[PDB]
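J.:
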Amino acid sequence: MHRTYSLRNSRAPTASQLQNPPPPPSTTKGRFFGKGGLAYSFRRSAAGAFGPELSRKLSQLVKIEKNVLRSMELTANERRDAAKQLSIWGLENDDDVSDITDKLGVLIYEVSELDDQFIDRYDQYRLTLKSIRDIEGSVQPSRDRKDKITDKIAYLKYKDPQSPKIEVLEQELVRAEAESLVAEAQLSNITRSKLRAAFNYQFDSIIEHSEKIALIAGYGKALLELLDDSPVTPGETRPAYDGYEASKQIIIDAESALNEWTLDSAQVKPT
Amino acid sequence: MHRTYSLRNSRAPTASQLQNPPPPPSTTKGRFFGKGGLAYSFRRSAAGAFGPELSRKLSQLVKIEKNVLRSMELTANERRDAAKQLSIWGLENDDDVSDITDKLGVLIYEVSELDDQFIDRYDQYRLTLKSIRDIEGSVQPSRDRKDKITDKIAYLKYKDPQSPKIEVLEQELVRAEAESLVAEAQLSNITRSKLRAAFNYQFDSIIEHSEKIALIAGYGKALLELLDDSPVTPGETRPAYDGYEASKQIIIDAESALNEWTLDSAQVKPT
Amino acid sequence: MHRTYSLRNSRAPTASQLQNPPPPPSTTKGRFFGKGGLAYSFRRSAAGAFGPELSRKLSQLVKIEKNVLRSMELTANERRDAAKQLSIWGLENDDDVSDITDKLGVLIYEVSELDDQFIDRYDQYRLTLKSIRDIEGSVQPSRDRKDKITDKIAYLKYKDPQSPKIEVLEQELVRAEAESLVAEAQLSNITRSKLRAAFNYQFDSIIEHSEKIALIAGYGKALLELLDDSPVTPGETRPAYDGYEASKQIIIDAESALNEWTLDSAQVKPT
Ligand SMILES: O=P(O)(O)O[C@@H]1[C@H](O)[C@H](O)[C@@H](OP(=O)(O)O)[C@H](OP(=O)(O)O)[C@H]1O
Ligand SMILES: O=P(O)(O)O[C@@H]1[C@H](O)[C@H](O)[C@@H](OP(=O)(O)O)[C@H](OP(=O)(O)O)[C@H]1O
Ligand SMILES: O=P(O)(O)O[C@@H]1[C@H](O)[C@H](O)[C@@H](OP(=O)(O)O)[C@H](OP(=O)(O)O)[C@H]1O
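Chains as they are written, first to last, in full-length UniProt numbering: chain A, 1 to 271; chain B, 1 to 271; chain C, 1 to 271.
1) Spatial neighbours of residue 66 of chain A within its chain, please: C-beta separation below 6 Å, excluding the five flanking residues on both sides.
2) Report the option in A:14, A:6, A:44 whose CA atom is closest to the CA atom of residue 256 of chain B.
3) Assuming residue 250 of chain C contacts residue 223 of chain C (C-beta within less than 8 Å), just tell me the rounded distance between them.
4) Provide the residue span of the alpha helix (DSSP H) that contains residue 72 of chain A, from first to last.
5) Give the secondary structure of residue 174 of chain B by DSSP, where H, G and I count as helix, E and B as strand, and everything else as coil.
6) Compute the minimum distance between the beta carbon of residue 62 of chain C and the heavy atoms of ligand 5, and state whether it is under 7 Å.
7) Identify, in the order they occur along the chain, each residue of the same chain with its Cβ nearer than 8 Å to the Cβ of residue 53 of chain A, setting aside the five sequence neighbours on each side.
8) List the endpoints of the continuous alpha helix (DSSP H) containing residue 248 of chain C.
9) Just to confirm my understanding: we take residue 156 of chain C, look at its own chain, exclude 5 residues before and 5 after, and list those with CB closer than 8 Å. What are they?
10) Let's see if you can read the secondary structure: which residues bound the alpha helix (DSSP H) around residue 141 of chain C?
11) Between the Cα of residue 69 of chain B and the Cα atoms of A:177, A:25, A:239, A:91, which residue gives the shortest distance?
12) Measuring only the C-alpha atoms, how far is residue 204 of chain A from residue 216 of chain B?
13) Looking at chain C, is there any beta carbon in it that lies within less than 8 Å of the beta carbon of residue 87 of chain A?
14) By how many angstroms is the C-alpha of residue 10 of chain C removed from the C-alpha of residue 16 of chain C?
15) Using a cut-off of 8 Å between C-beta atoms, extract the partners of residue 182 of chain B located in chain A.
16) DSSP on residue 162 of chain C, reduced to helix/strand/coil?
17) Closer than 7 Å to a non-hydrogen atom of ligand 1 - does that hold for the CB of residue 66 of chain A?
18) Can you round the beta-carbon distance between residue 244 of chain C and residue 99 of chain C to whole angstroms, since I take them to be within the 8 Å contact cut?
19) Using a Cβ-Cβ distance cut-off of 8 Å, determine whether residue 57 of chain B contacts chain D.
20) With contact counted as at least three CB pairs below 8 Å, one residue from each stretch, are the segment 174-188 of chain A and the segment 185-202 of chain B in contact?
21) Cα-Cα, which of B:33, B:253, B:242 is closest to residue 97 of chain B?
22) Would you verify that the beta carbon of residue 34 of chain A is, or is not, closer than 8 Å to some beta carbon of chain B?
23) Taking residue 136 of chain C as the reference, which of C:258, C:195, C:1 has the closest Cα?
24) Taking the continuous alpha helix (DSSP H) assigned at residue 44 of chain B, which residues delimit it?
25) Is it right to say residue 108 of chain A is buried, meaning 16 or more other beta carbons lie within 10 angstroms of its own, or is it exposed?
26) For my contact list, residue 214 of chain A and residue 268 of chain B are in at a C-beta cut-off of 8 Å; report their separation, rounded to the angstrom.
27) Using a Cβ cut-off of 9 Å, pull out every chain A residue sitting near residue 6 of chain C, in sequence order please.
28) Quick one: what does DSSP say residue 276 of chain A is sitting in, helix, strand or coil?
29) Using a Cβ-based criterion (distance less than 7 Å to any ligand heavy atom), does residue 27 of chain B qualify as near ligand 1?
30) In the DSSP assignment, find the unbroken alpha helix (DSSP H) run with residue 18 of chain B in it and report its ends.
31) List the residues of chain B whose Cβ lies closer than 9 Å to the Cβ of residue 123 of chain A, in chain order.
32) On a CA-only basis, which of A:266, A:253, A:261, A:227 is nearest residue 95 of chain A? Give me that one, please.
33) Do residue 61 of chain B and residue 272 of chain A have their beta-carbon atoms positioned less than 8 Å apart in this structure?
34) Rounded to whole angstroms, what's the CA-CA distance from residue 247 of chain A to residue 239 of chain A? Just pull it up for me.
35) Let's test the definition: count the other Cβ atoms within 10 Å of the Cβ of residue 89 of chain C and tell me whether it reaches 16, buried, or not, exposed.
This is how it looks when you write it as structure tokens:
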């Protein structure tokens with residue numbers, strides 16, 4: 001980010017900013033959360049009311065991840081809805097405009113399925129991250145008791161060293177210590193392995209979806225060129241338009257290329 | 001989509017589905033709109049209450065586009081918020097886990113700025129699409145009057161052909177016809193040109209953002225490999241971890257590569 | 001269909017639409033089901049009230065197929081009835097008009113027999129499709145019991161593993177499993193074979209009937225040319241008409257050609 005060498009949140013100029021000026025900001029910027037309900041805050045605050053202390057930190061993230069998933073679902077649904085209106089608007093216009101509108105409308109409506117698949121994979125990653133919390137919360141109580149029965153024996157030794165409970169308390173401490181050692185080792189093992197596996201799974205899906213979206217956008221941009229936007233003075237008639245044999249071929253080729261693409265066919269080559 | 005050769009919304013198997021089984025669906029699917037308020041429906045329904053008939057179809061799309069923008073903003077904000085919790089969770093863990101968590105946390109927090117830039121460019125595209133509606137709504141009333149003063153002269157000719165208003169009404173019809181012809185030609189010219197320009201502008205931003213996101217995801221996946229997830233039995237100590245000189249270099253290289261990338265350096269090559 | 005590349009149900013222009021403008025829509029379009037009775041819905045809803053779950057899906061289609069057959073029968077009956085009125089109307093007119101009306105009336109009345117034969121063949125295809133449902137509904141109960149006596153043994157093993165019923169329950173499971181395996185294999189075999197045979201039988205009849213109808217229509221169109229429609233001013237007498245020797249020959253030739261046609265004499269050659 002730009003904060004890593006500046007005291008202000010303003011963004012330093014980049015290659016894109018040098019080539020083209022930064023886009024103007026939004027006309028309206030309301031100073032509101034935009035959630036529209038108390039459900040988000042209630043769910044965020046109710047997680048730690050009764051849960052164990054050790055697993056609270058990770059358990060808090062699951063709720064906000066679910067909120068992210070819901071917001072992405074709403075975004076995808078609304079973007080899918082917009083394509084229908086864009087398509088129907090083209091009925092009362094020229095034939096070329098109507099045809100281009102319909103084809104680009106299905107092309108842009110394609111996005112919703114990719115968004116839904118990405119949402120499902122995000123849900124699986126969230127499920128694994130949730131699965132970590134179960135082992136953490138199971139580990140905590142075994143550690144608590146061993147610590148408590150240590151203060152117990154310390155206090156009882158302070159009160160009087162002639163009590164016969166010293167040896168049994170010490171042996172209970174030894175057994176609890178062995179169990180806690182085993183639990184503590186496996187906890188680190190499991191958290192490392194699960195974090196690595198889940199996070200690799202989550203990182204593959206996003207790049208796959210991004211590459212598919214980029215391919216769809218490129219195909220749409222290639223298709224848009226066929227409009228033949230030329231100025232005409234009043235009193236003239238533009239020639240009849242015939243581009244169905246090109247538009248249909250473009251749509252079929254785009255669908256086939258999107259379907260054929262596989263994981264090993266990734267065009268992006270990071271440096 | 002899969003609807004183009006099937007009667008059911010189910011998706012036909014693809015290369016990705018053949019390689020890996022489809023992800024399991026979400027655990028909960030509530031049968032609700034999810035908007036959380038009547039504002040969306042109210043804004044959608046109030047657009048056509050008083051506006052001209054010709055521009056209503058295009059004016060209806062602006063509101064849903066604004067809703068899409070707001071939902072995307074909420075998604076970006078929540079995803080940005082999640083990274084902070086992910087980062088703070090790593091404090092109470094092993095040193096390697098904490099370091100990897102912090103670095104990948106900033107790497108995944110990077111996404112919000114790209115989302116905001118895409119939102120701004122989307123807003124500019126929406127502004128141009130709005131600008132089309134002004135010319136449409138200005139064109140409509142000029143066309144309405146010429147049609148009305150035609151039924152007027154027709155009715156007055158039917159009533160009695162000896163009235164002296166025939167010639168003045170006919171000439172007013174001629175003048176209104178000339179003005180309507182000019183307006184009708186320019187309307188088509190302007191709508192074609194503006195649609196092409198705005199839609200090219202909108203299609204470039206999405207592919208740029210997708211390529212940047214894919215690069216960030218690839219760099220993060222490359223960074224994640226350094227975890228060295230190996231199983232350890234209880235009673236052993238893992239060697240001290242030293243990977244700061246690699247993690248910091250990876251972060252710096254990723255930031256430099258993201259900054260250096262330009263429009264002409266697009267790796268994606270559509271067929 | 002036209003939905004396979006468009007978001008709207010509107011039909012894209014075709015060769016026929018390019019050659020001739022699309023026909024105007026019907027004058028009246030009532031927003032009603034048109035069934036005229038609750039019998040259709042009652043029969044559709046009563047099929048699954050008590051039947052087995054596996055065969056319900058296929059059993060639901062038989063009722064709607066019977067409804068299709070009844071509607072086709074009503075259509076054929078009404079079309080047959082219309083020819084009688086068309087023929088009787090020609091009595092009070094010119095001799096040539098009366099003769100042409102009678103001959104084309106029998107030619108168009110011919111259609112009803114072909115429709116009845118197609119209906120009978122449709123009924124046979126429906127009978128075979130019904131015959132599939134019997135085997136499906138016989139297969140289901142054999143599968144249900146094997147599954148149930150599995151949950152039974154699982155629960156009884158959970159309750160106490162020292163019961164002596166484990167071995168007898170397990171052997172009953174084994175025998176039911178073998179029977180279910182045999183039934184499951186034969187079910188797939190039978191459904192595939194019956195579907196293929198019935199659907200070939202159903203597809204042959206429709207093309208035969210369509211070819212016969214096309215031949216009849218072509219012969220009628222050829223016969224209609226003999227009317228000699230020419231304009232006449234008042235005060236003149238048209239020459240006496242003599243075309244019985246041509247009309248009777250045309251009717252006889254049409255009947256002979258329709259009778260002689262066989263399956264191997266199909267003129268249609270799909271690409
Ligand atoms: O049906 P409700 O009223 O919505 O409540 C759900 C229920 O408490 C589940 O046990 C819980 O799963 P977990 O115990 O695994 O957390 C889920 O949270 P989740 O969807 O975030 O998993 C809750 O939404
Ligand atoms: O300030 P408010 O109460 O929110 O009302 C705004 C105001 O009516 C603007 O004129 C209008 O811009 P337009 O006339 O150009 O539509 C805008 O719509 P918009 O944001 O969709 O442009 C509205 O949100
Ligand atoms: O005589 P009704 O009162 O009309 O009732 C008939 C009777 O129940 C038949 O057994 C049944 O054949 P199936 O058992 O084979 O279904 C037929 O359905 P069908 O004509 O669709 O075969 C029914 O119409």
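Virtual Cβ for every residue (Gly too), placed ideally from N, Cα, C.
T.: Reading off the structure:
1) Cβ within range, chain order: n/a, list empty.
2) With distances taken between Cα atoms, residue 256 of chain B lies closest to A:14.
3) That belief holds up - the Cβ atoms of residue 250 of chain C and residue 223 of chain C are roughly 5 Å apart, short of 8 Å.
4) 53-89 is the span of the alpha helix (DSSP H), which, as asked, contains residue 72 of chain A.
5) Helix, per DSSP.
6) Annotation note on ligand 5: not contained in the displayed structure, which lists ligand 1, ligand 2 and ligand 3 as its ligands.
7) Correct list, in chain order: 140.
8) 244-260 is the extent of the alpha helix (DSSP H) around residue 248 of chain C.
9) For residue 156 of chain C, the CB contacts under 8 Å within the same chain, skipping 5 residues up- and downstream, are 163, 165, 166, 169 in chain order.
10) Per DSSP, residue 141 of chain C is one residue of the alpha helix (DSSP H) stretching across 111-159.
11) Of all alpha-carbon atoms in A:177, A:25, A:239, A:91, the one lying nearest the alpha-carbon of residue 69 of chain B is that of A:25.
12) When rounded, the distance between both Cα atoms is 12 Å.
13) At least one beta carbon of chain C lies nearer than 8 Å to the beta carbon of residue 87 of chain A.
14) Going by the C-alpha atoms only, they are around 15 Å apart.
15) In chain order: 234.
16) Residue 162 of chain C: coil per DSSP, three-state reduction.
17) It does: the Cβ of residue 66 of chain A is within 7 Å (strictly closer) of some heavy atom of ligand 1.
18) With a Cβ gap of about 7 Å, residue 244 of chain C and residue 99 of chain C count as contacting.
19) Any reference to chain D falls outside this structure, whose protein chains are A, B and C.
20) With a cut-off of 8 Å, the segment 185-202 of chain B and the segment 174-188 of chain A do not count as touching, because too few Cβ pairs lie within range.
21) Taking each of B:33, B:253, B:242 in turn and checking the Cα distance to residue 97 of chain B, the smallest one comes out for B:242.
22) Interface with chain B (8 Å Cβ-Cβ cutoff): residue 34 of chain A is included.
23) Cα-wise, what sits closest to residue 136 of chain C is C:195.
24) That run of the alpha helix (DSSP H) goes 39-46.
25) By the C-beta density criterion, residue 108 of chain A is buried, having at least 16 other C-beta atoms within 10 angstroms.
26) 5 Å between Cβ atoms; contact.
27) The contacting residues are 87, 102, 103, 105, 106.
28) Residue coverage of chain A in this structure runs from 1 to 271, which leaves residue 276 of chain A outside it and unanswerable.
29) Answer for residue 27 of chain B: yes, Cβ within range of ligand 1.
30) DSSP places residue 18 of chain B in the uninterrupted alpha helix (DSSP H) bounded by 15-19.
31) Neighbours of residue 123 of chain A on chain B, chain order: 23, 24, 25, 26, 27.
32) Looking at A:266, A:253, A:261, A:227, the one whose alpha-carbon comes closest to that of residue 95 of chain A is A:227.
33) There is simply no residue 272 of chain A to check, as chain A begins at 1 and stops at 271 in what is shown.
34) Straight-line spacing of the CA atoms in residue 247 of chain A and residue 239 of chain A works out to 18 Å.
35) So residue 89 of chain C counts as exposed.
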